[PDB]
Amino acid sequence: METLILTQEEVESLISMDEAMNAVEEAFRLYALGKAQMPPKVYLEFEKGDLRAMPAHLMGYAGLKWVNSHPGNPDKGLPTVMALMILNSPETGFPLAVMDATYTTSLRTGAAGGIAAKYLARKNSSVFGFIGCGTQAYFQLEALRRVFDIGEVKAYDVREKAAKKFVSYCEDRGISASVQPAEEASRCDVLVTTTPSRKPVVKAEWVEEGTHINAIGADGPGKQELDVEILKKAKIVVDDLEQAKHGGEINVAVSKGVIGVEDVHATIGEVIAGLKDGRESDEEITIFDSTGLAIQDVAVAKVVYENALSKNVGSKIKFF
C-alpha cells in the first residue's frame, strides 16, 4: 500500500480557484442536505498558540486537517499557520494521502467568500471594499472576481505598505483601485473584513444599505471586527451555527447577549440548498460569518488528490 505525500508547492499547482469554488459550493450544499458528516473542531490550547483537528466526510472521502496558530512564529522565522491534511478512504480507512493544507486553507476560505457573495450580494455590486489587506484579502479578491466584474477597489490596512501592495496587485490585473481610510473603504456594495482584530474596526454608521459583508477575520473566541449595531440591523448568514457562536464574527455579541439565535437567518448551505432565502430586498444589509469548516478542507483535498494522480505529482511512502 502506498500513501501519496504532497508538498505546498505541489498542492499549489493542483487546484484552481474555480475548482475550489465548485467544491466548496457543493460541500455546503451536501452538508445542509445531511449528505456530509462533520464533528465540531477540537482544540488543544497552548500558552503560545494552539492546534485544531478538523475531520469530515463527504464526496466520497474522509480526512482530518490538523492546523496550528502560533503568532510568535513569524517574529521567529516560521508561518503563523501550518496545516496538514490526511485524506482517507471511507471503505478501507486507508490513508490515501498526507498533504499540505496551508495553501488550500487560504484558497477555500477565499472560495467561500466568493460563493457567499454570489448568493447574498446585490447582483449589481461593483464597488468592493477591503478592511485588511493581508493574505486572505487577496484570496477573497480572486474568488470575487470569478463572480463579479469589479468596478472599483477601496483598500484599507493599518499597515499602509500592505494596502498599497494590494492596490498595486489590483491595478496590475486592470482592476481600478486605491488606498483609503477605513470609513471610506466601508462605503461599498461588498465589504470584505479580513483582520484579526478583537475590537470593532467598522462602524455601523459607515455601512450603507444594500451592503453585503464577507466577515472573514474573526475565528476564535473574543475575535470581533464589526460594530455590534451592524449585526442587529442585518440578515446574518453563518458558516456553521455552532462555530460562529464560539469564534465567528458574532461570538462576542452572542456571548454578551446582544443578539440571539433568532438573529441568525440561515447557514450558507441552507441558502445554497434552497432551505432558506438569501438576500430578499435591495435595502437590507447582509452578512456572511465565515469560520472555516472541515467539509471545505476535505472537498478541496479530494480535488488536489485526484489531480495529483492525473499528473503523476507527489512522492510515495509505504507506511505500514
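From 1 onward, residues are counted along the sequence shown.
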On mean Cα temperature factor in this entry, is 164-172 or 137-145 the higher one? 164-172
Looking only at CA atoms, which has the higher mean B factor in the entry: 29-37 or 62-70? 29-37
Which is it among 79, 247, 217, 113: the one with the largest CA B-factor in the entry? 79
Taking the values straight from the PDB record, which of 271, 56, 287, 42 has the highest C-alpha temperature factor? 42
Would the CA B-factor of residue 259 place it in the lowest, middle or highest third of its chain? highest
Could you place residue 9 in the lowest, middle or highest third of its chain by Cα temperature factor, using the values in the record? highest
Comparing residue 150 with the other modelled residues of its chain, is its CA B-factor in the lowest, middle or highest third? highest
The third of the chain into which the C-alpha temperature factor of residue 210 falls is the lowest
Sorting the chain's CA B-factors, does residue 306 end up in the lowest, middle or highest third? highest
